[PDB]
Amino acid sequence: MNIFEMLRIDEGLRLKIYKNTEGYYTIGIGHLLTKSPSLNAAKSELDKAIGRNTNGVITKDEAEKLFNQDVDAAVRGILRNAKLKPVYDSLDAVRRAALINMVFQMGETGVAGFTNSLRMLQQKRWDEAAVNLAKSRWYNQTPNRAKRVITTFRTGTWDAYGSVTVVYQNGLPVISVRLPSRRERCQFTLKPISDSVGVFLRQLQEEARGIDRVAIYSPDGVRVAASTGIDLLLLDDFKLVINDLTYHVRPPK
């Protein structure tokens, strides 16, 4: 687990233009297109960023190119900023991920404004930083994300960021799930011959008694049918929604 998977989770993946929680036109894995309120400006800014006429739709290959760029833009952006560098330097890989996340979301100068929190951060004053971060305009606008980021700063662990993987054992797919509180994973072994997406999903609910929503979608964002066989599901990556979090699952070919 790392910043790339962390941001996948926070940002999801959309292949058509859409408005983020701040109402700004966005595409892919949280790629901010513009701050203009004009859709046509967004649509034009899209085409330049891709290098073809997009008609407001991109592919997964195009999504992940942008993504890798924006993160290096963020991580580089950190390293050339006065306030943000020594903190970044001080922190371990996990809290550095938390910070890039913050930059990634709201830009460099947006994240310099947290002088106090950054100072507390730098001195290793975890909970103080956390308590303080929870008082920002940030937290109010995007609360549960900020909560996830703030927890990563407090603990320096991935507790708030779950994850799902698929790995074959005894020639059978085994889906481990690691939820946003319990670093005790859970695994589900499946029979692709006979089991379906709905079976897997009913299993999933019959585990945690706190889940209120579970779904599977294509990478393109389309709901996969419950009656679909797991054999077919595992021919390609997919998105597992589990309460608010969406996880990009990537079965081994």
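Numbers follow the displayed sequence, beginning with 1.
- Between the stretches 63-71 and 208-216, it is 208-216 that shows the larger average CA temperature factor.
- In this crystal structure, the stretch out of 89-97 and 76-84 whose C-alpha atoms carry the higher mean B factor is 76-84.
- Going by the entry's values, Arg185 shows the largest Cα B-factor out of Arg185, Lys191, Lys43, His31.
- Among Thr26, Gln203, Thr54, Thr228, the highest C-alpha B-factor recorded in the PDB entry belongs to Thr54.
- Looking at the C-alpha B-factors along this chain, the one for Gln105 belongs to the middle third.
- Ranked within its chain, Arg8 lands in the lowest third, by CA B factor from the PDB record.
- For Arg148, the recorded CA B-factor ranks within the lowest third of the chain. Only modelled residues enter the ranking.
- The deposited CA B-factor of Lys124 belongs to the highest third of values across its chain.
- Annotation for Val167: C-alpha temperature factor in the middle third relative to the rest of the modelled chain, per the entry.
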